[PDB]
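Protein chains in written order, with the entry's author numbering: chain 0, 1 to 162; chain 4, 1 to 162; chain U, 1 to 162; chain 5, 1 to 172; chain 1, 1 to 172; chain V, 1 to 172; chain b, 2 to 290; chain a, 3 to 196. Ideal Cβ positions, reconstructed from N, Cα and C, are used throughout, including at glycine. Quick notes on the structure that follows.
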Ligand SMILES: *[C@@H](C)[C@H]1/C(=C/c2[nH]c(/C=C3N=C(/C=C4\NC(=O)C(CC)=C4C)C(C)=C\3CCC(=O)O)c(CCC(=O)O)c2C)NC(=O)[C@@H]1C
Ligand SMILES: *[C@@H](C)[C@H]1/C(=C/c2[nH]c(/C=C3N=C(/C=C4\NC(=O)C(CC)=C4C)C(C)=C\3CCC(=O)O)c(CCC(=O)O)c2C)NC(=O)[C@@H]1C
Ligand SMILES: *[C@H](C)[C@H]1/C(=C/c2[nH]c(/C=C3N=C(/C=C4\NC(=O)C(CC)=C4C)C(C)=C\3CCC(=O)O)c(CCC(=O)O)c2C)NC(=O)[C@@H]1C
Ligand SMILES: *[C@H](C)[C@H]1/C(=C/c2[nH]c(/C=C3N=C(/C=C4\NC(=O)C(CC)=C4C)C(C)=C\3CCC(=O)O)c(CCC(=O)O)c2C)NC(=O)[C@@H]1C
Ligand SMILES: *[C@H](C)[C@H]1/C(=C/c2[nH]c(/C=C3N=C(/C=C4\NC(=O)C(CC)=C4C)C(C)=C\3CCC(=O)O)c(CCC(=O)O)c2C)NC(=O)[C@@H]1C
Ligand SMILES: *[C@H](C)[C@H]1/C(=C/c2[nH]c(/C=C3N=C(/C=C4\NC(=O)C(CC)=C4C)C(C)=C\3CCC(=O)O)c(CCC(=O)O)c2C)NC(=O)[C@@H]1C
Ligand SMILES: *[C@H](C)[C@H]1/C(=C/c2[nH]c(/C=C3N=C(/C=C4\NC(=O)C(CC)=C4C)C(C)=C\3CCC(=O)O)c(CCC(=O)O)c2C)NC(=O)[C@@H]1C
Ligand SMILES: *[C@H](C)[C@H]1/C(=C/c2[nH]c(/C=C3N=C(/C=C4\NC(=O)C(CC)=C4C)C(C)=C\3CCC(=O)O)c(CCC(=O)O)c2C)NC(=O)[C@@H]1C
Ligand SMILES: *[C@H](C)[C@H]1/C(=C/c2[nH]c(/C=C3N=C(/C=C4\NC(=O)C(CC)=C4C)C(C)=C\3CCC(=O)O)c(CCC(=O)O)c2C)NC(=O)[C@@H]1C
Ligand SMILES: *[C@H](C)[C@H]1/C(=C/c2[nH]c(/C=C3N=C(/C=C4\NC(=O)C(CC)=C4C)C(C)=C\3CCC(=O)O)c(CCC(=O)O)c2C)NC(=O)[C@@H]1C
Ligand SMILES: *[C@H](C)[C@H]1/C(=C/c2[nH]c(/C=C3N=C(/C=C4\NC(=O)C(CC)=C4C)C(C)=C\3CCC(=O)O)c(CCC(=O)O)c2C)NC(=O)[C@@H]1C
Ligand SMILES: *[C@H](C)[C@H]1/C(=C/c2[nH]c(/C=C3N=C(/C=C4\NC(=O)C(CC)=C4C)C(C)=C\3CCC(=O)O)c(CCC(=O)O)c2C)NC(=O)[C@@H]1C
Ligand SMILES: *[C@H](C)[C@H]1/C(=C/c2[nH]c(/C=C3N=C(/C=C4\NC(=O)C(CC)=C4C)C(C)=C\3CCC(=O)O)c(CCC(=O)O)c2C)NC(=O)[C@@H]1C
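Structural data, given as structure tokens:
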């Protein structure tokens, strides 16, 4: 699970070496970031309901057929709408994990590995989620390092989907 | 050369991945450190002569047989004193490189790798160089992050010699 | 394996005792017996084919239905006759072992333990083997201690079967 | 591999010299540029998919022979390999940008790549054309003034443009 | 492997929950200790050779059977392996301190180590004594008040002590 | 457990064979040596305490690390256990001598013994030394020409030597 | 029964022993034999020092004031038994030991752990000890007058898993429950929880690979899921357990114990490679069908 | 028949390197570290990179992955599975001569370049005589493979860089693309453009 601290140790262990100033600087880099990430995670968490419901609507608006067409993969009934809001919630929650962990680890572990297989198997369009992730980017109201780190994880997922 | 920036890229490349928030944090840790490292490099360089001179004398005093015993490996003639001062100068200079690079890279590539073979082959005692490194440690008069990083490189060399 | 030497040790071991004069007396008893045992084994071995073939015929004469009745458990065919001769040979061979060992050990270990299950499962009469063993008692031609020890094992087997 | 700092060290060691005051001051100026360098790497990385796909689209629109039957980007695997390669080159350019030195890009991507493509029959000139299009888009993304502390990134942008140019020269 | 942050994340994903307010504030408190944690890792690392060699010297002085002819640490190859092992264990303890989680130590070092030692005939109780001596030396070095900004490192020391305790228990 | 006779019998039964003439003759020759076997057992037994205590004294003189504080043979309990081990190995060697087959030694005395010593940290090479010391004393006792019908016992003495060697190898 | 493998499994001495019964109107030598047997069985062949003997219980046994079973009960409840087996052990370890000492067999199922852990927790150690001794199983095998003994051989009421687990608890004749490689660790916690078994590894002296023990994590599963496909052309797969690997040295060698699944067509190469690793084969078991 | 004899040639891998861990030391991907799911991804990706240079979804071997993840097989077994895979046969065997196929195998499996044409020549006959699997097994069972990578480590190109140098020897995935001039001609490339 990629984070600065585990990557530092993973590299040193591969080399059979004690941690050196290089790894200590890695830790200092993490400490420089941690509070901004934690504050970003808090802000996303407290606004999570609004962001998720806003994102779902943004998808429905950009892709109207998803709420009009019948089929297990679409959100034309409350069942499909609940699935869609659930999924967007998953993306949001795991992004908050990345902010806490300081790395894409949680996204790699919990969401990204296998997402292609899911989307193909259940006939879900990656474009839908890309739209949802853009809305979250545009509406989380973060600033400074909180914004930059949050957007990088949101963009990481978008690039994984594209 | 092992540094925070080259290790960050090495990690990402070994995973076939673009750099991510984890590696960007590594670069911030490098930036937090770099100015102190450059100031330390400057301080050691300005004082290089007296540190090298003093370090050699510390060694001759701790190990008087080196200035009194005949033999290619000892410093009982000017030839040997020059080699010894040269060697100590190498350690000091390469340590300044580590401060500039922000890692043990320069020490590893220019000095440590193979140092056991040399010391065995030419019958040089590692304890001589440890004493010199302790002298430089106790006489570089750095403080704060410059001290801590500089000492990490001196201790890294001392550890390699023992 | 019930033999004088092993049981002496087994008993002594269960008592956590070094061997004492009691066990040594057992060894002397074994030594008094062994040569006659070995000679009895040799005589039975040299005569084995006559004894086994003679024993089988004694069985077939005494129980003529065994050579006339169809069935896997009878000797009405060469298959059954071969099984019968094999079986008697086992008795004879393992009896020679008891003479070598100086105890019923080999008969217990190899033949007696479980024989009742075998004869029940395969519908073989113990009376058949009693008659074979009696023939061997009558016809081995031994005397003295060799006869007495040999007959004890043949009777041990007979008692086991009845 | 070298980075901006260790490049100077390697030259100094070859001379047996401490870094001069001007060399130390120069690296200090590099440090003062560090945030812009990080922001540029982050911006290219975050738009990597679009940079590659938009550049590839334009490349096949300008050179339709590549995707017509019998072309070197025709069939799904060849097209997939082509898109992959563009992303590889972009990835190593961001590495070079991150380290501030071209060694990783050359040692791990470009050195020998011309022969690779000649052996395979890949039109290296067309690869260079695609690299140029990624460069154009990438520099525009780096220079985008919206949503970032305003400042002058001309120096870093020129460096990035150089790495692209090095890549474009190397492939053909 | 887990670090202090991803350990908490793992337990949260298992329940499908955002980290609670108190959990986020707990991690902030961990961040506030970050410098103390780095210093402790740095002090142990800087003294690694002495920590190992002094501990080994004390071990063989107290348990001379190890180094008598026929003792497990007799012969150069076995003594070298023994010194190596103590350094390995100390190294992984610093890894665990650095991450703030025992997973690296437990997974990469202690897994199957008890089983390795019994299979080779290495006396694990004597390994554990060595770890104890390294622990004692390591904590004194970490607690050394000279040459460092003054503060309370009691919590980091307790954590480090815990990692040594795991190592000592695991080897036997 | 086999004795000398049933060892041969078990091998024959596994092959379905009668013992051959030579095998019966070999056992006859074994019987003829019976009195010397019994004597040898009686002599080792009659001197069991002195053999054990003298070997133990010599071992601890040569290996004082065993009995100093912290040593494996330090404290009355461990020392008593150590002395029991010596007596037990010697007892089973007399069993092996009495039966004329190593099986009693293998199946009982040496079955699991190495695991015991590794689990406990008993220095197995030290036990081997003790067993070697008992062997020397025991062989001298068996060989002593005073107060016994004179004859050549080299064959039984070689057999007894083997049993001691088996025991020593099992722990070293 | 166990005949061919008896000696290498450490069973031969028990094959050669009879149950120790105290007959009515027993002699003093009878009483001494019972006392010795009970100390060896119930205390797991630990050496017993004269200061540790239960002299009063021995007197009462000798006098006929307590039967064999009540003497066993007294030994099992003594401070000596508890010091050896209770105060320093995980309770699952305690239950394993109780089964071995008092019933001569290994636990069959997780249900036995549930029962005895709750009984200990609710009513205390003495109550738990009584449950073994007053059990139907104890009554049927040993009754009032026979010292408990190892039940290696198949009996009515057995399960196969019991047989394999006895060699996790019994490690040979010249050995004690407190002098085994796993030391204080429960031998069966994982087997019981997962209802799994392990390849049998006999005692040292008669088995070169006697020390093989798996690690906490990163073990090779017993069966070859996927068959021979990953190996290419292969007729059948075997799981080989290997111990004492040292030769390449760290970091080339990390764990000295390893289990590998290899195809029939590579067994020659595997044995050759193992030998050059210095390792000793602990067990080989078919891994595919 | 015994393998045709050939002589070695001076190579970095043939001499002691006095290596100290740096950014140019190949990352050791081993299962002896008890790798988490995401970390196992990286090991699997490294193996695909080492053997295929790149595994499109079509190329990937999900069942082999599951078996490696579950401990059914070692890394060396996973590597064998990749070498036996459809992707490897189609990309590197069928599109090359036996001689170039041998080179690919030596580079990918042993992590070194071939000594000479004679080494390539000597091994080129193995597929025909021992079969495709026989070639792979010989290389994977070789002292050279086992001494360097053992059973639990992903192979990698060995001693490519020397300390203090700006560049090392060419990475094998650059030096040795899956096919070369022979197959290039059959495909009718290079394509005239402009
Ligand atoms: C217990 C561990 C001891 C202790 C530690 C302690 N350290 C700080 C503060 C700092 N320590 C560092 C460390 C480094 N700076 C570098 O550049 C490097 C080399 C790569 C290292 C290892 C830093 C950066 C700081 C912060 C700035 C400062 O110098 O103070 C503190 C203060 C609390 C804090 O930082 O939050 C403490 C307490 N102090 C003791 O008394 C223990 C013996
Ligand atoms: C090597 C072991 C030494 C040796 C032995 C030896 N002994 C004999 C003969 C006999 N020894 C005995 C022994 C005993 N008689 C008893 O009543 C008991 C007590 C229970 C014992 C132990 C016996 C019965 C004999 C036979 C009669 C006799 O007195 O000789 C011999 C002679 C050859 C033979 O095997 O009979 C020998 C050689 N002799 C030595 O010189 C060795 C030091
Ligand atoms: C250059 C092409 C463009 C540009 C860049 C620029 N950035 C800064 C300053 C900062 N940028 C960052 C970046 C991050 N903070 C984080 O936490 C992360 C996520 C991991 C990133 C990427 C930071 C930390 C700073 C410093 C503080 C600040 O918020 O300003 C500057 C200002 C100068 C400086 O060096 O700080 C500039 C110029 N600005 C442009 O206009 C270009 C389009
Ligand atoms: C039609 C069902 C829908 C549709 C099609 C569409 N496709 C593209 C672009 C491409 N199509 C392919 C496909 C192939 N190339 C091959 O070589 C082969 C195998 C022989 C296949 C199947 C590819 C590779 C591309 C991209 C490159 C190219 O342009 O040739 C587009 C344009 C996409 C773009 O961004 O330019 C479109 C429109 N679109 C619909 O809406 C239809 C329902
Ligand atoms: C896209 C703009 C153009 C294009 C590309 C193209 N490339 C290949 C095949 C390969 N490319 C490489 C490249 C690399 N290997 C390395 O190690 C590195 C550095 C990390 C690089 C950049 C390799 C090795 C191959 C062959 C192996 C493979 O494809 O997996 C192809 C396909 C050729 C084939 O069938 O092998 C293509 C199509 N082609 C165009 O027409 C565009 C101009
Ligand atoms: C004598 C020439 C000089 C000297 C010796 C000295 N040696 C040590 C310590 C050790 N010596 C060894 C050597 C070996 N151990 C082995 O097993 C073998 C191979 C069979 C050898 C050659 C070792 C391993 C040690 C360290 C461990 C131990 O104590 O046994 C010391 C003490 C070092 C210390 O710090 O305790 C000394 C003094 N010293 C001189 O000044 C002499 C000129
Ligand atoms: C002193 C009052 C008299 C005396 C003493 C004496 N003792 C021994 C030998 C041993 N003494 C012990 C005792 C202990 N070992 C332990 O570990 C502990 C518990 C912590 C005790 C109490 C032992 C075990 C021995 C034998 C082994 C050894 O030598 O260490 C001797 C020598 C006996 C011999 O045969 O070598 C002596 C002389 N003797 C006197 O006459 C004093 C009046
Ligand atoms: C004495 C020369 C060395 C020594 C011995 C030592 N052994 C133990 C403990 C045990 N020894 C045995 C051996 C046997 N038990 C048997 O029943 C049999 C015959 C079948 C044998 C061979 C066992 C099983 C044990 C463990 C049981 C127990 O109660 O200890 C110890 C005790 C270790 C300890 O208490 O921790 C000792 C000291 N130790 C040395 O240092 C000498 C080299
Ligand atoms: C007969 C077709 C084959 C055969 C069988 C055979 N088995 C054994 C010994 C044992 N069999 C078992 C089996 C079980 N125990 C259980 O608890 C269960 C379920 C309740 C089963 C199935 C056991 C445990 C043993 C050993 C213990 C005992 O027998 O009491 C043997 C004897 C082994 C020996 O003597 O060493 C044999 C012969 N053998 C063949 O060759 C046939 C193919
Ligand atoms: C409660 C907070 C959580 C929980 C607990 C739970 N535990 C079990 C089962 C067992 N617990 C133990 C524990 C011990 N055995 C000992 O010897 C000791 C020390 C003296 C302890 C603490 C054992 C051995 C078991 C197995 C036997 C048994 O089931 O009682 C269960 C049952 C598991 C099952 O599948 O039956 C449970 C539920 N479970 C949760 O979800 C809580 C977080
Ligand atoms: C020193 C305090 C004690 C000691 C050590 C000792 N160890 C070995 C051999 C090995 N030790 C290991 C250890 C590890 N492998 C791992 O993966 C890790 C965790 C990352 C560790 C700690 C291994 C694998 C071996 C075997 C391979 C090798 O020898 O390098 C020996 C030598 C054993 C031999 O029989 O030659 C020794 C001596 N021995 C003592 O007596 C001290 C108490
Ligand atoms: C010493 C008198 C001169 C000298 C030597 C020098 N050599 C190298 C590097 C290498 N040398 C070899 C040699 C061999 N490879 C083989 O297989 C064989 C036969 C077994 C030989 C002799 C190799 C392959 C290398 C490169 C790999 C490595 O160095 O580890 C160097 C280092 C070059 C560098 O840039 O590091 C040097 C210094 N140099 C002089 O100045 C002397 C004249
Ligand atoms: C889906 C209906 C259910 C489900 C499945 C599930 N399985 C695993 C993990 C594994 N599955 C396998 C199975 C195979 N591997 C093979 O090679 C073959 C034979 C050709 C089979 C059948 C294996 C070996 C594993 C473990 C290794 C791996 O991860 O691939 C998981 C993952 C569990 C985990 O992450 O640890 C899951 C989810 N799970 C359900 O809940 C469904 C009922």
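- At a cut-off of 8 Å, the beta-carbon of residue 190 (chain b) counts as near ligand 10: some heavy atom of the ligand is closer than that.
- For residue 158 (chain 0), there is no enclosing beta strand (DSSP E); the enclosing alpha helix (DSSP H) has its first and last residue at 144-161.
- When Cβ-Cβ separations below 9 Å define contact, residue 119 (chain 0) makes no contact with chain 5.
- The three-state secondary structure of residue 238 (chain b), taken from DSSP, is strand.
- Residue 255 (chain b) has its Cβ no nearer than 8 Å to any heavy atom of ligand 4.
- Ranked by Cα distance from residue 176 (chain b), the options 203 (chain b), 192 (chain b) and 155 (chain b) are led by 203 (chain b).
- When beta bridges are read from the DSSP output, residue 133 (chain 1) appears opposite no residue.
- In the displayed model, residue 67 (chain V) falls within coil according to three-state DSSP, outside both helix and strand.
- Using beta-carbon distances, residue 15 (chain V) does not count as an interface residue toward chain b, since no partner is under 9 Å.
- At a C-beta separation below 7 Å, residue 109 (chain V) has these neighbours in chain b: 175.
- For residue 264 (chain b), the enclosing beta strand (DSSP E) starts and ends at 259-264.
- Assignment of beta strand (DSSP E) within the region 77-143 of chain 0, counting only whole runs of 3 or more residues, yields no such run.
- Residue side-chain check: residue 68 (chain a) places its Cβ nearer than 8 Å to a non-hydrogen atom of ligand 13.
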